[PDB]
Amino acid sequence: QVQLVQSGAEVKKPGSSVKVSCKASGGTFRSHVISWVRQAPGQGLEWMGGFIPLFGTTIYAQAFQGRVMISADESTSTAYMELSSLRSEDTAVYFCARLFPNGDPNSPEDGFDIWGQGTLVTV
Amino acid sequence: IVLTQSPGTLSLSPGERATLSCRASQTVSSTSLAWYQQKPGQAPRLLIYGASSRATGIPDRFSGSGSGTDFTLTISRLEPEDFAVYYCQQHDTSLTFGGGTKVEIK
Amino acid sequence: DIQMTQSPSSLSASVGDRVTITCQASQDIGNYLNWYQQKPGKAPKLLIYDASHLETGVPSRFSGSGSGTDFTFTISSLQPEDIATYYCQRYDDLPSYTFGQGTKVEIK
Amino acid sequence: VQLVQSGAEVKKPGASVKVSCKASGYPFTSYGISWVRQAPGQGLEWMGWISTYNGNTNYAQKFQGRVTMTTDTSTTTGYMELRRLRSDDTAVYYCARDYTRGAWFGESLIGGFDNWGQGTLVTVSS
Amino acid sequence: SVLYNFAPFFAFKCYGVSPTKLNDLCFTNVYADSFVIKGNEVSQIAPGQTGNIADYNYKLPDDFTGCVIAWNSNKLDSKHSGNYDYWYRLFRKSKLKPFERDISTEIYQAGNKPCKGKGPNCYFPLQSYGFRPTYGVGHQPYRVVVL
């Protein structure tokens, strides 16, 4: 069914922002609030924070809490993490997922996780 | 809305997982419904607020679960500690207590 | 995060086998504890939410308990099919979803 | 917390009761005392509740005019008063601080029937 | 002080004067408000911070909203049947003015029609909060105390 195509894998350097995109694979994005997975390098897991384009304001990542400017523009067929003020902490494989509030009435087999591909950020 | 402690004379010896139905009538969320233990002839203790939930005073040996109208207090290995009188409450809808299901002995 | 771990992590036990499975995190969880078990060859199953109160489904066998730092997901009585890896997510009141390692309750 | 109650109360078939309930070492005014009737074997019959603040009372239809819950707010001793006593009416009751209907409002609040009466073992034996 | 004791609030940030000194200061009444929400509405419950529900339903003034104490009520207001219980008003008409009481749930001016303003018919400012324990906490049940 649904794939949630994600952008790629590149490194980003301090102070600036890291751009990645969970891209729209053939509809099935509207409910599907595109939150954002981080997956810290090899020490632990994480949730990049995502946006709530489902008719309201956005949730921000608990881990970073203030400069996680996670915007996501679903109609444009692109998601974003939009982490301004990156330094080094990333070094991770930030995934796009159909994070728990993201099931369709279709595709219940891809229930509450339609994961992505992953993006290796580093310094 | 009513409650029904089914095994009024549940006779399972200590050391054996049992099941004690207090068996409500509605589909009540245990957010209200609870359990209250009384010594067999004393005032009810705060036994199980949340109606499945273990607080400070309750040991592990006390077990139970349930939802809807078939609340089964699936008690674990037993003790004389668990041989008081337990009254499953309903904080929902004008509280009707329980009257029945003690756990008994030989 | 409290960066969820469980501590017992690999409690080995067959049918019945008076059980103690506890998702003692780094620090305290209060009433913010999921206890997970994964059904192999399928999608995960969250049985219990904070410290107790099992979902409708995944029967009472896997029984949630414990209120402190360590919350005990003890099994009263499993059966051969209750082979299920006991990792534990922690529903953090803003989503953080830190799952566990897998405290599989076995059979021979 | 102790909620000191009466004991083997000797009433009669055609008398009225003044059950004791010493509102114990809690700030009496900021609560409400519910009651249940432990009819022997019959779990507990829902008696009613006094608002220790104002005296808002949710009696039992069973005991509509019979149970008339009063209290000595001065010496903080609850008097859940039931007329219609008899041998078949000789059944023990208890006190309970009603935190289900949190007091002051006669309105349902969080918590259960809170700390309980000693016990009024009403012996109306005939 | 029975304030300070409580377990994690997840919203203890005193919307108003410092989260201290309330026990000590002596004001007449802090008019404790009581309502349910779900997180996306709870985000709007703050001084300034006008947003979807403090843009149709539940607005707060410049400051001094007592010490509003929000918290998620997952286990308490929604079951995994995806409870549809508590009615709220999105598309009520517009944002209500800071800190009123809105038993007035005036219906929405939705146009394309003169008769009752409501567009097709009955534009509900009656939105059963319609959430799920499997959503975000932006859409988890939320029972919240206001002052």
# chains A, B, ... in the order shown; residues from 1 in each chain; ligands from 1
>>> interface_residues(of="chain A", to="chain C", cutoff="12 Å", atoms="only C-alpha atoms", output="ChimeraX atom specification")
/A:35-40,43-50,59-65,99-101,108-114
>>> write_last_selection(atoms="C-alpha atoms", output="short mmCIF file (atom, residue, chain, number, x, y, z; two decimals), in the first residue's frame")
data_model
loop_
_atom_site.label_atom_id
_atom_site.label_comp_id
_atom_site.auth_asym_id
_atom_site.auth_seq_id
_atom_site.Cartn_x
_atom_site.Cartn_y
_atom_site.Cartn_z
CA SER A 35 5.09 13.59 12.83
CA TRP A 36 8.79 12.90 12.70
CA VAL A 37 11.12 10.15 13.96
CA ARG A 38 14.75 10.89 14.78
CA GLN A 39 16.46 7.64 15.82
CA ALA A 40 19.58 8.93 17.65
CA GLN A 43 22.71 5.30 21.59
CA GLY A 44 18.94 5.50 21.58
CA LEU A 45 15.69 6.35 19.85
CA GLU A 46 14.00 9.72 19.31
CA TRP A 47 11.00 11.55 17.82
CA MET A 48 11.91 14.57 15.67
CA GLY A 49 8.58 16.24 16.45
CA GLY A 50 6.57 16.62 13.27
CA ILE A 59 3.46 19.66 18.24
CA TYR A 60 7.17 20.14 18.91
CA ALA A 61 9.71 17.47 19.83
CA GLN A 62 10.04 16.93 23.58
CA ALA A 63 13.77 16.31 23.24
CA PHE A 64 14.67 19.69 21.78
CA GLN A 65 11.72 21.82 22.86
CA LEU A 99 3.33 7.84 13.94
CA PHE A 100 0.51 6.46 16.13
CA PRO A 101 -2.16 9.10 15.23
CA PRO A 108 -5.27 -0.99 8.56
CA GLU A 109 -2.56 -3.62 8.00
CA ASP A 110 -0.04 -0.79 7.92
CA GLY A 111 -1.63 0.02 11.26
CA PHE A 112 -0.39 3.12 13.07
CA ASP A 113 3.09 2.72 11.61
CA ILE A 114 3.76 3.34 7.95
#
>>> closest_atom_pairs(of="chain C", to="chain E", cutoff="10 Å", atoms="only C-alpha atoms", output="JSON lines")
{"residue": "C:29", "atom": "CA", "partner": "E:8", "partner_atom": "CA", "distance": 9.6}
{"residue": "C:30", "atom": "CA", "partner": "E:7", "partner_atom": "CA", "distance": 7.5}
{"residue": "C:31", "atom": "CA", "partner": "E:7", "partner_atom": "CA", "distance": 9.0}
{"residue": "C:32", "atom": "CA", "partner": "E:8", "partner_atom": "CA", "distance": 9.9}
{"residue": "C:49", "atom": "CA", "partner": "E:75", "partner_atom": "CA", "distance": 8.3}
{"residue": "C:50", "atom": "CA", "partner": "E:75", "partner_atom": "CA", "distance": 8.6}
{"residue": "C:53", "atom": "CA", "partner": "E:75", "partner_atom": "CA", "distance": 9.2}
{"residue": "C:55", "atom": "CA", "partner": "E:80", "partner_atom": "CA", "distance": 8.5}
{"residue": "C:56", "atom": "CA", "partner": "E:80", "partner_atom": "CA", "distance": 8.9}
{"residue": "C:91", "atom": "CA", "partner": "E:137", "partner_atom": "CA", "distance": 9.9}
{"residue": "C:92", "atom": "CA", "partner": "E:137", "partner_atom": "CA", "distance": 9.4}
{"residue": "C:93", "atom": "CA", "partner": "E:72", "partner_atom": "CA", "distance": 6.7}
{"residue": "C:94", "atom": "CA", "partner": "E:137", "partner_atom": "CA", "distance": 6.2}
{"residue": "C:95", "atom": "CA", "partner": "E:136", "partner_atom": "CA", "distance": 7.0}
>>> write_last_selection(atoms="N, CA, C and O atoms", output="mmCIF file, in the first residue's frame")
data_model
loop_
_atom_site.group_PDB
_atom_site.id
_atom_site.type_symbol
_atom_site.label_atom_id
_atom_site.label_comp_id
_atom_site.auth_asym_id
_atom_site.auth_seq_id
_atom_site.Cartn_x
_atom_site.Cartn_y
_atom_site.Cartn_z
ATOM 1 N N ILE C 29 7.924 6.942 36.636
ATOM 2 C CA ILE C 29 6.981 7.099 35.532
ATOM 3 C C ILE C 29 5.616 7.533 36.044
ATOM 4 O O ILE C 29 4.812 8.094 35.289
ATOM 5 N N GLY C 30 5.334 7.261 37.314
ATOM 6 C CA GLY C 30 4.073 7.655 37.925
ATOM 7 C C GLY C 30 2.892 6.875 37.388
ATOM 8 O O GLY C 30 2.712 5.691 37.682
ATOM 9 N N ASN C 31 2.044 7.561 36.624
ATOM 10 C CA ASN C 31 0.958 6.909 35.898
ATOM 11 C C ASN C 31 1.116 7.156 34.403
ATOM 12 O O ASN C 31 0.151 7.490 33.711
ATOM 13 N N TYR C 32 2.334 6.964 33.903
ATOM 14 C CA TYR C 32 2.681 7.160 32.498
ATOM 15 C C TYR C 32 3.422 5.952 31.946
ATOM 16 O O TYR C 32 4.421 6.112 31.241
ATOM 17 N N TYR C 49 -1.899 -0.002 30.124
ATOM 18 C CA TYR C 49 -1.491 1.389 30.237
ATOM 19 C C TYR C 49 -1.210 1.604 31.712
ATOM 20 O O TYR C 49 -1.102 0.625 32.454
ATOM 21 N N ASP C 50 -1.081 2.855 32.141
ATOM 22 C CA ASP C 50 -0.271 3.207 33.300
ATOM 23 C C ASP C 50 -0.436 2.228 34.456
ATOM 24 O O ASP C 50 -1.485 2.178 35.108
ATOM 25 N N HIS C 53 -4.629 -1.935 34.378
ATOM 26 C CA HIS C 53 -5.832 -1.692 33.580
ATOM 27 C C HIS C 53 -5.668 -2.133 32.128
ATOM 28 O O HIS C 53 -5.653 -1.310 31.210
ATOM 29 N N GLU C 55 -5.939 -3.481 28.371
ATOM 30 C CA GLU C 55 -6.807 -3.311 27.213
ATOM 31 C C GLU C 55 -7.828 -4.437 27.125
ATOM 32 O O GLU C 55 -7.569 -5.569 27.543
ATOM 33 N N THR C 56 -8.992 -4.127 26.568
ATOM 34 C CA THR C 56 -9.903 -5.168 26.118
ATOM 35 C C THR C 56 -9.228 -5.955 25.000
ATOM 36 O O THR C 56 -9.015 -5.432 23.900
ATOM 37 N N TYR C 91 4.201 5.731 27.355
ATOM 38 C CA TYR C 91 3.441 6.874 26.875
ATOM 39 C C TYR C 91 3.802 8.076 27.729
ATOM 40 O O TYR C 91 3.452 8.173 28.907
ATOM 41 N N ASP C 92 4.589 8.964 27.132
ATOM 42 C CA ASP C 92 4.939 10.237 27.735
ATOM 43 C C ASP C 92 3.895 11.260 27.325
ATOM 44 O O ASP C 92 3.487 11.289 26.162
ATOM 45 N N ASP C 93 3.437 12.079 28.271
ATOM 46 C CA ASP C 93 2.205 12.830 28.067
ATOM 47 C C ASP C 93 2.301 13.723 26.834
ATOM 48 O O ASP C 93 1.282 14.092 26.251
ATOM 49 N N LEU C 94 3.509 14.084 26.426
ATOM 50 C CA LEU C 94 3.688 14.487 25.040
ATOM 51 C C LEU C 94 4.498 13.405 24.333
ATOM 52 O O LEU C 94 5.521 12.962 24.872
ATOM 53 N N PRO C 95 4.085 12.966 23.127
ATOM 54 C CA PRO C 95 4.598 11.705 22.568
ATOM 55 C C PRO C 95 6.113 11.576 22.557
ATOM 56 O O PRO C 95 6.818 12.490 22.121
#
>>> residues_around(residues="segment 107-124 of chain D", least_positions_apart="6", cutoff="8 Å", atoms="only C-alpha atoms", output="PyMOL selection string")
(chain B and resi 42-44+91) or (chain D and resi 1-13+19-21+34+85-87+89-101)
>>> write_last_selection(atoms="C-alpha atoms", output="short mmCIF file (atom, residue, chain, number, x, y, z; two decimals), in the first residue's frame")
data_model
loop_
_atom_site.label_atom_id
_atom_site.label_comp_id
_atom_site.auth_asym_id
_atom_site.auth_seq_id
_atom_site.Cartn_x
_atom_site.Cartn_y
_atom_site.Cartn_z
CA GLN B 42 -15.71 -3.77 59.82
CA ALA B 43 -15.61 -0.62 57.70
CA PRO B 44 -14.53 -0.84 54.03
CA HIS B 91 -18.56 5.55 41.65
CA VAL D 1 -10.71 8.67 61.01
CA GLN D 2 -12.21 7.05 64.10
CA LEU D 3 -15.78 8.26 63.40
CA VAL D 4 -16.90 6.98 66.81
CA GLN D 5 -20.26 5.24 66.42
CA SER D 6 -22.87 3.75 68.75
CA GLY D 7 -23.04 -0.01 69.31
CA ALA D 8 -25.69 -2.63 70.02
CA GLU D 9 -28.43 -0.01 69.80
CA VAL D 10 -31.63 -1.12 71.55
CA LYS D 11 -34.54 0.45 69.67
CA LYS D 12 -38.10 -0.89 69.35
CA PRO D 13 -40.83 -1.73 66.81
CA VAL D 19 -27.20 6.77 65.81
CA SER D 20 -23.94 8.31 66.98
CA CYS D 21 -21.08 9.23 64.69
CA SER D 34 -22.53 9.27 53.76
CA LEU D 85 -37.50 0.36 63.71
CA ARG D 86 -38.40 -3.30 64.29
CA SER D 87 -36.84 -6.76 64.49
CA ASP D 89 -35.46 -3.49 60.78
CA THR D 90 -32.72 -4.37 63.27
CA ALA D 91 -29.77 -4.10 60.89
CA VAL D 92 -26.36 -2.49 61.37
CA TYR D 93 -25.37 0.67 59.47
CA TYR D 94 -22.10 2.57 59.07
CA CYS D 95 -20.85 6.09 58.43
CA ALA D 96 -18.77 7.12 55.42
CA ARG D 97 -17.39 10.49 54.42
CA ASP D 98 -19.12 11.04 51.07
CA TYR D 99 -16.43 12.06 48.63
CA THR D 100 -18.42 10.54 45.74
CA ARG D 101 -20.86 13.41 46.07
#
>>> residues_around(residues="segment 60-70 of chain D", least_positions_apart="6", cutoff="8 Å", atoms="only C-alpha atoms", output="PDB file with N, CA, C and O atoms, in the first residue's frame")
ATOM      1  N   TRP D  46     -27.852   1.413  50.579  1.00  0.00           N
ATOM      2  CA  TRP D  46     -27.473   2.818  50.482  1.00  0.00           C
ATOM      3  C   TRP D  46     -28.364   3.648  51.399  1.00  0.00           C
ATOM      4  O   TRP D  46     -29.557   3.831  51.141  1.00  0.00           O
ATOM      5  N   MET D  47     -27.760   4.135  52.479  1.00  0.00           N
ATOM      6  CA  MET D  47     -28.472   4.842  53.530  1.00  0.00           C
ATOM      7  C   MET D  47     -28.739   6.280  53.114  1.00  0.00           C
ATOM      8  O   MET D  47     -29.892   6.686  52.936  1.00  0.00           O
ATOM      9  N   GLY D  48     -27.673   7.051  52.927  1.00  0.00           N
ATOM     10  CA  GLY D  48     -27.772   8.419  52.472  1.00  0.00           C
ATOM     11  C   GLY D  48     -26.487   9.162  52.753  1.00  0.00           C
ATOM     12  O   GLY D  48     -25.409   8.563  52.718  1.00  0.00           O
ATOM     13  N   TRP D  49     -26.587  10.454  53.061  1.00  0.00           N
ATOM     14  CA  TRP D  49     -25.390  11.260  53.237  1.00  0.00           C
ATOM     15  C   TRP D  49     -25.758  12.621  53.806  1.00  0.00           C
ATOM     16  O   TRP D  49     -26.691  13.263  53.326  1.00  0.00           O
ATOM     17  N   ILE D  50     -25.019  13.053  54.823  1.00  0.00           N
ATOM     18  CA  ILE D  50     -25.100  14.410  55.359  1.00  0.00           C
ATOM     19  C   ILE D  50     -23.918  15.217  54.841  1.00  0.00           C
ATOM     20  O   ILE D  50     -22.779  14.737  54.838  1.00  0.00           O
ATOM     21  N   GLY D  78     -22.373  12.593  64.359  1.00  0.00           N
ATOM     22  CA  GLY D  78     -23.404  12.363  63.367  1.00  0.00           C
ATOM     23  C   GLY D  78     -24.549  11.523  63.890  1.00  0.00           C
ATOM     24  O   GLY D  78     -24.355  10.483  64.518  1.00  0.00           O
ATOM     25  N   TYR D  79     -25.767  11.992  63.615  1.00  0.00           N
ATOM     26  CA  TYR D  79     -26.979  11.301  64.040  1.00  0.00           C
ATOM     27  C   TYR D  79     -27.863  10.978  62.839  1.00  0.00           C
ATOM     28  O   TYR D  79     -28.788  11.731  62.521  1.00  0.00           O
ATOM     29  N   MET D  80     -27.599   9.848  62.185  1.00  0.00           N
ATOM     30  CA  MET D  80     -28.458   9.369  61.105  1.00  0.00           C
ATOM     31  C   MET D  80     -29.722   8.736  61.691  1.00  0.00           C
ATOM     32  O   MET D  80     -29.707   7.593  62.151  1.00  0.00           O
ATOM     33  N   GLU D  81     -30.822   9.490  61.671  1.00  0.00           N
ATOM     34  CA  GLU D  81     -32.038   9.158  62.418  1.00  0.00           C
ATOM     35  C   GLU D  81     -33.046   8.410  61.545  1.00  0.00           C
ATOM     36  O   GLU D  81     -33.570   8.947  60.568  1.00  0.00           O
ATOM     37  N   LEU D  82     -33.323   7.157  61.919  1.00  0.00           N
ATOM     38  CA  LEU D  82     -34.342   6.307  61.297  1.00  0.00           C
ATOM     39  C   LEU D  82     -35.494   5.992  62.251  1.00  0.00           C
ATOM     40  O   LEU D  82     -35.329   5.275  63.239  1.00  0.00           O
ATOM     41  N   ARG D  83     -36.682   6.507  61.935  1.00  0.00           N
ATOM     42  CA  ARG D  83     -37.892   5.907  62.482  1.00  0.00           C
ATOM     43  C   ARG D  83     -38.235   4.630  61.730  1.00  0.00           C
ATOM     44  O   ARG D  83     -37.509   4.234  60.817  1.00  0.00           O
ATOM     45  N   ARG D  84     -39.365   4.001  62.077  1.00  0.00           N
ATOM     46  CA  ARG D  84     -39.626   2.654  61.578  1.00  0.00           C
ATOM     47  C   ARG D  84     -38.505   1.699  61.957  1.00  0.00           C
ATOM     48  O   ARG D  84     -37.741   1.245  61.100  1.00  0.00           O
TER      49      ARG D  84
END
>>> closest_atom_pairs(of="chain E", to="chain A", cutoff="9 Å", atoms="only C-alpha atoms", output="Markdown table")
| residue | atom | partner | partner_atom | distance |
| --- | --- | --- | --- | --- |
| E:40 | CA | A:56 | CA | 6.7 |
| E:41 | CA | A:56 | CA | 8.8 |
| E:43 | CA | A:57 | CA | 8.2 |
| E:51 | CA | A:57 | CA | 7.8 |
| E:52 | CA | A:56 | CA | 6.6 |
| E:132 | CA | A:101 | CA | 8.7 |
| E:133 | CA | A:101 | CA | 9.0 |
| E:134 | CA | A:101 | CA | 5.7 |
| E:135 | CA | A:101 | CA | 3.9 |
| E:136 | CA | A:101 | CA | 5.7 |
| E:138 | CA | A:59 | CA | 7.6 |
| E:139 | CA | A:101 | CA | 8.8 |
>>> closest_residue(among="B:21, B:52, B:27, B:65", to="residue 1 of chain B", atoms="only C-alpha atoms")
B:27
>>> atom_distance(atom1="atom CA of residue 76 of chain A", atom2="atom CA of residue 96 of chain A")
16.0 Å
>>> select_by_dssp(residues="segment 33-68 of chain C", states="strand (DSSP E)", output="list in words")
residues 35, 36, 37, 45, 46, 47 and 48 of chain C
>>> residues_around(residues="residue 70 of chain B", least_positions_apart="3", cutoff="7 Å", atoms="only C-alpha atoms", output="ChimeraX atom specification")
/B:21-24,66-67
>>> write_last_selection(atoms="N, CA, C and O atoms", output="short mmCIF file (atom, residue, chain, number, x, y, z; two decimals), in the first residue's frame")
data_model
loop_
_atom_site.label_atom_id
_atom_site.label_comp_id
_atom_site.auth_asym_id
_atom_site.auth_seq_id
_atom_site.Cartn_x
_atom_site.Cartn_y
_atom_site.Cartn_z
N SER B 21 -16.07 -12.68 40.18
CA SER B 21 -16.87 -11.80 39.34
C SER B 21 -17.70 -10.86 40.20
O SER B 21 -18.55 -11.31 40.97
N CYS B 22 -17.46 -9.55 40.08
CA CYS B 22 -18.40 -8.61 40.70
C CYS B 22 -19.31 -8.00 39.66
O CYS B 22 -20.25 -7.29 40.03
N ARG B 23 -19.03 -8.21 38.37
CA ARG B 23 -20.09 -8.33 37.38
C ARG B 23 -21.08 -7.18 37.35
O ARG B 23 -22.22 -7.32 37.81
N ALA B 24 -20.68 -6.04 36.79
CA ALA B 24 -21.56 -4.87 36.75
C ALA B 24 -22.72 -5.10 35.79
O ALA B 24 -22.98 -6.22 35.36
N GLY B 66 -11.33 -6.68 34.78
CA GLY B 66 -12.71 -6.58 34.38
C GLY B 66 -13.12 -5.28 33.72
O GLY B 66 -12.57 -4.21 34.00
N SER B 67 -14.10 -5.37 32.82
CA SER B 67 -14.78 -4.22 32.24
C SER B 67 -16.18 -4.58 31.77
O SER B 67 -16.56 -5.76 31.81
#
>>> atom_distance(atom1="atom CA of residue 53 of chain A", atom2="atom CA of residue 86 of chain A")
23.4 Å
>>> interface_residues(of="chain C", to="chain B", cutoff="7 Å", atoms="only C-alpha atoms", output="number ranges by chain")
C: 52-53, 65, 76
>>> write_last_selection(atoms="C-alpha atoms", output="compact mmCIF listing (two decimals), in the first residue's frame")
# COMPACT_ATOMS: atom_id res chain seq x y z
CA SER C 52 -2.40 -1.48 35.24
CA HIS C 53 -5.83 -1.69 33.58
CA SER C 65 0.73 -4.16 38.41
CA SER C 76 -0.60 -14.96 36.77
>>> interface_residues(of="chain B", to="chain E", cutoff="10 Å", atoms="only C-alpha atoms", output="ChimeraX atom specification")
/B:29-32
>>> residues_around(residues="residue 102 of chain E", least_positions_apart="3", cutoff="10 Å", atoms="only C-alpha atoms", output="mmCIF file with N, CA and C atoms, in the first residue's frame")
data_model
loop_
_atom_site.group_PDB
_atom_site.id
_atom_site.type_symbol
_atom_site.label_atom_id
_atom_site.label_comp_id
_atom_site.auth_asym_id
_atom_site.auth_seq_id
_atom_site.Cartn_x
_atom_site.Cartn_y
_atom_site.Cartn_z
ATOM 1 N N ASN E 57 -13.819 29.126 21.017
ATOM 2 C CA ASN E 57 -14.548 28.620 22.181
ATOM 3 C C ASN E 57 -14.054 29.175 23.517
ATOM 4 N N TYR E 58 -12.765 28.992 23.808
ATOM 5 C CA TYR E 58 -12.250 29.163 25.168
ATOM 6 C C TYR E 58 -11.036 30.084 25.165
ATOM 7 N N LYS E 59 -11.263 31.375 25.407
ATOM 8 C CA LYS E 59 -10.218 32.388 25.354
ATOM 9 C C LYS E 59 -9.799 32.809 26.763
ATOM 10 N N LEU E 96 -14.030 34.331 20.745
ATOM 11 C CA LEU E 96 -14.794 35.001 21.791
ATOM 12 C C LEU E 96 -13.825 35.870 22.573
ATOM 13 N N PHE E 99 -11.759 35.669 28.197
ATOM 14 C CA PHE E 99 -12.280 35.197 29.483
ATOM 15 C C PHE E 99 -13.741 35.560 29.736
ATOM 16 N N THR E 105 -23.672 29.466 23.040
ATOM 17 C CA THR E 105 -22.971 28.687 22.033
ATOM 18 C C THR E 105 -23.632 29.037 20.701
ATOM 19 N N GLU E 106 -23.728 30.348 20.489
ATOM 20 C CA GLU E 106 -24.197 30.968 19.260
ATOM 21 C C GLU E 106 -23.676 30.198 18.056
#
>>> closest_atom_pairs(of="chain B", to="chain D", cutoff="9 Å", atoms="only C-alpha atoms", output="CSV")
residue,atom,partner,partner_atom,distance
B:32,CA,D:110,CA,8.1
B:34,CA,D:112,CA,8.2
B:41,CA,D:119,CA,9.0
B:42,CA,D:119,CA,7.4
B:43,CA,D:116,CA,5.8
B:44,CA,D:116,CA,7.2
B:45,CA,D:115,CA,8.1
B:46,CA,D:112,CA,8.2
B:49,CA,D:112,CA,8.4
B:87,CA,D:43,CA,7.9
B:89,CA,D:112,CA,8.3
B:90,CA,D:112,CA,8.8
B:91,CA,D:100,CA,6.5
B:92,CA,D:100,CA,8.9
B:94,CA,D:100,CA,8.7
B:95,CA,D:46,CA,7.8
B:96,CA,D:46,CA,6.8
B:97,CA,D:44,CA,6.5
B:98,CA,D:43,CA,5.9
B:99,CA,D:43,CA,3.1
B:100,CA,D:43,CA,6.3
